[PDB]
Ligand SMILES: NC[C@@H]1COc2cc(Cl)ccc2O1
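Okay, here we've got a single chain as structure tokens, the form solved without the named molecule, with questions on binding and movement later.
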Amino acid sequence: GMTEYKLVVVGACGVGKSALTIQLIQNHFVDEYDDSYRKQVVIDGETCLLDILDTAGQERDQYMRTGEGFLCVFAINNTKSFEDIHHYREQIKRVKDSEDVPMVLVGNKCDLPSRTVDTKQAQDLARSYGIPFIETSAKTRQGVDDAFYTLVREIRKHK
């Protein structure tokens, strides 16, 4: 039937993995609560179904082996979350057993004023991995559709 793309949101705890996913599926912003979500979207004329796989703390290859594309998310107010991207990127290539895994670098919480990671820092890392970089904010919905839709276009090109 219609193509179904399996997406996985990886990143440190509290960067915005859940809020970005909830903002995409339900148009809702989450502050504090405690999964798997599906949604039908239209990208570049074709209609498809998005299956999002949000990640928590320790538990993991079975979660990543099913993911076709991966979102590596960090928060601009958290300096540590940026250096964690290397380990996440390092594990994606191992579990998927490939170096050209479709992924997008996402810098969340661009709404916040206190910028601890300048813009010129994350994009050069995305150039190192050869992947796009998109500033997002789960509060203002800025770039939320962009990050997920771009990840789908990466998956459609590798075929």
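All residue numbers are counted from 1 along the displayed sequence.
Here the subject shifts to the form solved in complex with the named molecule, a form of this protein not shown in this document.
Mapping the unseen interface onto this chain, residue 66 counts among the residues with a heavy atom inside 4.5 Å of the named molecule in the entry with it bound.
For the chain shown alone, residue 36 is a contact residue for the named molecule in the entry with it bound, at least one non-hydrogen atom being within 4.5 angstroms.
Not displayed here, the named molecule is approached by residue 53 to within 4.5 Å at the level of heavy atoms in the entry with it bound.
Residue contact check for residue 153: none of its heavy atoms lie within 4.5 Å of the named molecule in the entry with it bound.
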